[PDB]
Amino acid sequence: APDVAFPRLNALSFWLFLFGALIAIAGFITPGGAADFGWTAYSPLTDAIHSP
Amino acid sequence: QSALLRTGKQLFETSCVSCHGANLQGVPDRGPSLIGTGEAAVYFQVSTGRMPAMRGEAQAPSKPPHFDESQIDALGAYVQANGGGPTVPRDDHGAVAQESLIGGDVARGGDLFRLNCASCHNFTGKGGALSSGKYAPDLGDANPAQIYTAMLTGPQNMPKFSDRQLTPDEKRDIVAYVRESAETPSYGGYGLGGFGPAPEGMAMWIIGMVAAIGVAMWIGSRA
Amino acid sequence: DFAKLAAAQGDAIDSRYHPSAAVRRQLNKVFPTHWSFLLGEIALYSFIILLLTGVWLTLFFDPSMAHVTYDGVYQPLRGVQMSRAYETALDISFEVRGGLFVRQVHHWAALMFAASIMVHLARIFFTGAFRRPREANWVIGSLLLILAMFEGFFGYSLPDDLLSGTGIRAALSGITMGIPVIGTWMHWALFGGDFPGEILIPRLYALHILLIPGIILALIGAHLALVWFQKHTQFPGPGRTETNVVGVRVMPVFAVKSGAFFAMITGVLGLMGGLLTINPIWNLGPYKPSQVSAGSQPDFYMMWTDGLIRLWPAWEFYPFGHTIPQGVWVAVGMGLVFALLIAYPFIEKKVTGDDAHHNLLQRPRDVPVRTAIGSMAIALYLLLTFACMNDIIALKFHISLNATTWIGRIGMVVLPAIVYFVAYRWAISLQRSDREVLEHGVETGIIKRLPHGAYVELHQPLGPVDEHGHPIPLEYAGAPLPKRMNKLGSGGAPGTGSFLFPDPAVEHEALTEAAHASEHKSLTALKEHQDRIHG
Amino acid sequence: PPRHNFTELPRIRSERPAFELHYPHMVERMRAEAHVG
Amino acid sequence: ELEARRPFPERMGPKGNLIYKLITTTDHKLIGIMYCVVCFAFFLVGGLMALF
Amino acid sequence: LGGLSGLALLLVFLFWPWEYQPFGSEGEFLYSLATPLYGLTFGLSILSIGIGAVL
Amino acid sequence: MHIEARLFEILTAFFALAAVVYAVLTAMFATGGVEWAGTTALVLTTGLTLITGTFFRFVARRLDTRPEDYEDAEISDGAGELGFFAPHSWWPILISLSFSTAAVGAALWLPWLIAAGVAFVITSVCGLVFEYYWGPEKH
Amino acid sequence: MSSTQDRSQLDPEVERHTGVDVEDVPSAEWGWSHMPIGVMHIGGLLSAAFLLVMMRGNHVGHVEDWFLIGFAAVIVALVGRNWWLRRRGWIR
Amino acid sequence: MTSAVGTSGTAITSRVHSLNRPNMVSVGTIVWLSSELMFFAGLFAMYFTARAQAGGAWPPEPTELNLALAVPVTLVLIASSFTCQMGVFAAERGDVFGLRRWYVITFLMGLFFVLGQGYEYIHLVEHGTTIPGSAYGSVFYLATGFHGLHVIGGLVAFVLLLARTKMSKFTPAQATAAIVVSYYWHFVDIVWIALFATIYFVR
Ligand SMILES: CC(C)=CCC/C(C)=C\CC/C(C)=C/CC/C(C)=C/CC/C(C)=C/CC/C(C)=C/CC/C(C)=C/CC/C(C)=C/CC/C(C)=C\CC1=C(C)C(=O)c2ccccc2C1=O
Ligand SMILES: CCCCCCCCCCCCCCCC(=O)O[C@H](COC(=O)CCCCCCC[C@@H](C)CCCCCCCCC)COP(=O)(O)O[C@H]1[C@H](O)[C@H](O)[C@H](O)[C@@H](O)[C@@H]1O
Ligand SMILES: CCCCCCCCCCCCCCCC(=O)O[C@H](COC(=O)CCCCCCC[C@@H](C)CCCCCCCCC)COP(=O)(O)O[C@H]1[C@H](O)[C@H](O)[C@H](O)[C@@H](O)[C@@H]1O
Ligand SMILES: CCCCCCCC/C=C\CCCCCCCC(=O)OC[C@H](COP(=O)(O)OCCN)OC(=O)CCCCCCCCCCCCCCC
Ligand code: HEM
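The listed protein sequences correspond, in order, to chains X, E, V, D, B, C, H, G and L. Just so we're aligned, residue 1 is where the first sequence starts under our numbering, counting upward by one. Just so we're aligned, residue 1 is where the second sequence starts under our numbering, counting upward by one. Just so we're aligned, residue 1 is where the third sequence starts under our numbering, counting upward by one. Just so we're aligned, residue 1 is where the fourth sequence starts under our numbering, counting upward by one. Just so we're aligned, residue 1 is where the fifth sequence starts under our numbering, counting upward by one. Just so we're aligned, residue 1 is where the sixth sequence starts under our numbering, counting upward by one. Just so we're aligned, residue 1 is where the seventh sequence starts under our numbering, counting upward by one. Just so we're aligned, residue 1 is where the eighth sequence starts under our numbering, counting upward by one. Just so we're aligned, residue 1 is where the ninth sequence starts under our numbering, counting upward by one.
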């Protein structure tokens, strides 16, 4: 093929990845830090009560 | 009360002995001792939810409470019996007083707020920033008992306002001002938060200036 | 008989005076129809609204520090000692019908005035509307921007308020009194003595209703007269040269559209005065030296000065038995900022060497170094503006206040460099895109070649096409190029009936044919005028 | 690759169009030994 | 009967030819390269965490 | 629309529950959007006039 | 599109079997009856693949054998006018930035930054969609 | 097709014969396009010096000083790389 | 620029000739809708877990569903789907203005559905049940309000497509755009049928 089906969409996909990724990393700059709960992010530990 | 003390102890033993060690003594470098904190401190802190705290950071954030009013009272009674200290206000029936804490004078409450509270919180009780990751939170969520107990026990990096320093009448006036400023509708439109210069400048640049530039682009011709 | 009355009045005017020739010149004056040239008109219209609302406000404002207990209508401030300025500002807000709206639209007009001055400055700087001619126009415009900044500073400081009085105490008092040789002497002469001197607000009232606005009006008159008689510059285009103005005449089109734009701008300002709350002085208690809030910011136009104050790293010098506080650093910084802004066109001409009489603007991409420098300066200004807001940024966006302060400190030397490099390369790449469009035509949908599986984008040349497929590349002419067949005569003729129902085919065909004929006529007129000029 | 990935396309017959393109002699061989496994 | 090639291919390219492509990129090939570089940057960022 | 909004501005300004209302008082809601209504009517009127002129 | 449709048909068969068996073996032989989370997820992924496969089968029956589907199809057979593939565009990055400003507004519970991110997203999606339809400026 | 080509004669006045060339900046003749490399090198060096100098201040903190050191170090590294490459003729 | 290097009357055309080939835009839309089905599957899983863990009285005592207002809105959404399909037929034809009429009435009925859902939300909130108020309230609000957000997105798509048809001439590209917008609307109404049968009838 010459290009993907929706080549402006795949451009959006990359930028959604990049900016979506950055705001997740952004937890570090906050005084509290990034997410305490592991990658799995289990329910009770993730609610507002735990890891606020 | 005997059963209230027992319930407070049972909640304490399975909630906080890991960081406020059993016997209410504080765990070195995990939590302060609760001897002398009193029932008011427990009520404010647990009701605001800060105390089921799952991190040591710049500031303990607020969160949904982990205990209902009865359990809050049980924990407060347990801590008061162990240490002994300030007690949360209560009304005629026995429940934590909410409306009784609304001082009659609001001009006096506002003056006291500006002299003491606005120092860090805001002109009207919105939040404020502090040195290293700390911040004075918005007061619009706090209920009159929570405001009164916050003054009574300096929660964290907040000056502790004793009854001698701020007579309960002055604290009631401050509570009245806080609630009034929080529940009062913005005259003149949408108060963009409560901070004038910064939200006002952003709203200019985003609402007024994009409107003006878009209208100019409509009227004129690209070239 | 309105026609008879108009003819008789015209004859009377041309008999009493003889303005026929001058009026015809004004009506026939041609103005380019670029949208970016309305940015100055935005500032002018906001200034007019400011004047109109300021007259109304002066009809009700009382400048004085004379202490008074409110005893007004606003209950939350009753019996509290306050100045007459604050009391009458509260009276405007509450006990005068529409006074809150008038003061709110006044403050919103001030904010739009500053913002539109900034946007107009960006336009002129990036398009090079200051070199050889109009350099003095740029200079007086810079003076105008500075005057507008300080005018708003005195304006929102006029109602003696906790927030604005704290801002005054910081800037006007501390910075003034820290200046080494004459700092205290300037402070005492401005304030009639110590900081809370009983003449500060009356003096600012004079400065803000008469003195500074008078100078602003005079400089706006000079600015508009210079633009009028030094015919407005224009972007390069088909029939546009350095010795002509292509656009529309003043009378039929330019005047009507400028008036309509004024109407729409004042409508936006009124809508925002209504719907958005600006400066709730009633919330902001009366000024008292012992009281303060956490926000403590000035309007967005002085936010960069405040951010400079915050970020500068507490460097103080102590000569023999003296002190040189950190306020002097920010004062000198502001002095340098204003000096550089005022003297840029002369700095640019000294550096580059171009003193040629320039009447054709240049696209910001076509001048990579200047657009890079302007981007760097805008980045520094935004950094300072957000540094001033670091308190609320830290509060809402959970970032430690020290972290925000040091982010500003490091960025104010890192971010300008990053933005300079990025803007320089971005401008050069925009030039490269223009050149690729020139030499290959516009891009379109892909086609698979018949014999083999080649894929070709099936471009569309913008100029004469060689005997074979590839076209003769054109030469860049300083004007924008159409990078989408969208914007050319391609798929642009929807049924001209209506949104819900069609029109008769005869009417639709007549309309579309007439429109196509008009487009042909306009393009042919431009082409023939261009050929006549360049041949 | 050229923008749009291709100036040509070979005869696509199997899962190795480029191998067939570059080694035409193997084309018969790739079919003969295919099923032997 | 001989071809006039360069001694070496263009090393990097003229100033200002990539920055605007990245913003306006619609070629999957360039986007894939942006993915690889950006994704690998997060590998280094995420990998640095493991070292701590 | 510009003219109708100008008439709306006139009628609202002449007849609307303006004046401060202390707090939690009947009429506080009307007062809170008194000034917003002034601005809405005025801005909409002149903006519609300007849009008509531009069109 | 026979193979394209049959792939999703096979996936639908497998996911329907998995959903049915999970539902049965969780209604009986589980501690608390049907799990109601895995069951629903399996049922609606069966629905996902079923929708896709049904559309693909409809298209396969609606379209004659394409060169792509046809073995022994010459390159010249498919040679022709491929449709419009969007060239360079800077709207995707703006859409991503607007959605990121809405996302941070949701994370840090700022209704004002949610409201603006959503406005931002509407504006940028409008720009992307209208990019190749904004007729020439009419002055 | 509904577009007319543009003829432009802007008044020119350094003559661009030295500095940057059209092959590097296509619109070199149309505006200021060359910043002397010495200017940028000295600017980077002074920015690094300012970052280092901000370490001296009334802050008990130390991560601030380390961030300043890192940013100044990367700035100096970039300036040194650029200067070395241009000295050798853009090699390595 | 003699006539054009690309012999096309539309700067933007169908991404492939759909008569002999699949419509890429339609294929992508169908796949994405099949993914949104899994999003709503997650929401359904939340709701069904709450239902299972409820102690017999699934809608708590304070909450009481209002079929009087929930039946008209779902009927209106079905009518909107029918009118959207009629607009699709218009788009398949060259009927620009017929498509515009059908999609305008579809947008109006979808807005009516959104307003009815908001009215039911206000009534429910007044009568106790709330997101923080109860697990039933929260799962119900999450499901139905995320569907309402999807309906709002469909309304935005409708108005945006109508603006596109206004600004450019009708072509197979715009016909396909209308077709895919209608696919989204049909998916929205189908998930609404599922949510209605689950929340109200099945309970
Ligand atoms: C509660 C309360 C008090 C509420 C009110 C708030 C308050 C205090 C004040 C605001 C109230 C008012 C009075 C608002 C409206 C302000 C106002 C005058 C708006 C006019 C816009 C309007 C109604 C247009 C109607 C549509 C229409 C038919 C327009 C064509 C006819 C018109 C009106 C033409 C006006 C032309 C115009 C703007 C002239 C301005 C005169 C001035 C100062 C400069 C002229 C001028 C201009 C405009 C340039 O752009 C320019 C550019 C480059 C070089 C020189 C010049 C130059 O000299
Ligand atoms: C385009 C022109 C139109 C301008 C907008 C005009 C909107 C008019 C609204 C209607 C009339 C005025 C209502 C005034 C009643 C009112 O004030 O509205 C508050 C709401 O407030 C919020 O939360 C915000 C909710 C989100 C919606 C509004 C967002 C609009 C923003 C985006 C406009 C500015 C643009 C900025 C762009 C940003 C992007 C920059 C890149 C609601 O009460 P509440 O929510 O409880 O306020 C809390 C006290 O209670 C509590 O004590 C107190 O402590 C506080 O917590 C307080 O918030
Ligand atoms: C306009 C913005 C763009 C700026 C461009 C310039 C880019 C360079 C940024 C320089 C970053 C400098 C970070 C260091 C700063 C520093 O030195 O402060 C520290 C805090 O470190 C940190 O988090 C570092 C966070 C760095 C992240 C920077 C993120 C950049 C973002 C802002 C870029 C996005 C820009 C968005 C643009 C929007 C466009 C608008 C149109 C320590 O404070 P503290 O909290 O008191 O820590 C105590 C312990 O030390 C002590 O042991 C312990 O005992 C405790 O006491 C503890 O509190
Ligand atoms: C890739 C690098 C990777 C580096 C990764 C290291 C990450 C570990 C950092 C913190 C861990 C938590 C500890 C938290 C407590 C700190 C530890 C400590 O106590 O270390 C002794 C003193 C302060 O003594 P203090 O008692 O804190 O009191 C003081 C005043 N009262 O600092 C020192 O000499 C030693 C320095 C300690 C930390 C400095 C780190 C800052 C930034 C590094 C470079 C940024 C580069 C930017 C590039 C553009
Ligand atoms: C020339 C540009 C001007 C700017 C940028 C400006 C800016 C401002 C600002 C921001 C305020 C604060 C309003 C508030 O806080 O509610 C203000 C107040 C005021 N302005 Fe101006 N103004 C300008 C011109 C004028 C003029 C020409 C007059 C008189 C005709 C005037 C009279 C007043 C008065 C009396 C006040 C006090 C209103 C109050 O305290 O609420 N201003 N000005």
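We put the beta carbon where it would ideally sit given N, CA and C, even for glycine.
Inter-residue Cα distance where the pair is residue i and residue j
i	j	result
L:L37	H:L50	11 Å
V:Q530	G:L46	50 Å
E:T153	V:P313	36 Å
B:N17	V:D299	40 Å
H:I10	H:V43	15 Å
V:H107	X:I25	39 Å
G:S33	V:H508	51 Å
V:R425	V:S433	12 Å
Cβ-heavy atom distance, residue i to ligand 5, below 7 Å
i	result
V:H107	yes
V:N279	yes
C-beta contact flag for residue i and residue j at 8 Å
i	j	result
L:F196	L:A41	no
L:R21	H:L63	yes
H:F15	H:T46	yes
V:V96	V:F61	no
H:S96	X:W15	yes
V:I92	V:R103	yes
Cβ of residue i within 8 Å of any chain H Cβ
i	result
residue 38 of chain D	The first residue shown for chain D is 1 and the last is 37, placing residue 38 of chain D beyond what the model contains.
Test: residue i CB closer than 8 Å to a CB of chain E
i	result
H:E137	yes
H:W109	no
Contact with chain X by residue i, beta-carbon distance below 8 Å
i	result
H:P92	yes
Proximity test, residue i beta-carbon vs ligand 2 heavy atom, cut-off 7 Å
i	result
E:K126	yes
G:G44	no
V:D299	no
C:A34	no
E:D138	yes
Within-8 Å CB hit, residue i to chain V
i	result
D:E33	no
G:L68	yes
Closer than 7 Å: residue i CB and nearest ligand 3 heavy atom
i	result
E:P199	no
V:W406	yes
Closer than 7 Å: residue i CB and nearest ligand 1 heavy atom
i	result
V:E528	no
| Which residues count as close to ligand 6 when the rule is a CB under 6 Å from any of its heavy atoms, in chain order? | Because ligand 6 does not appear in the structure shown, any question about it cannot be addressed here, the ligands present being ligand 1, ligand 2, ligand 3, ligand 4 and ligand 5.
At a CB distance below 8 Å, what residues from the region 183 to 204 of chain E approach chain H? Give them in sequence order.
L192, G193, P199
Using a Cβ-Cβ cutoff of 7 Å, what residues of the region 16 to 46 of chain L are near chain X? List them in chain order. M24, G28
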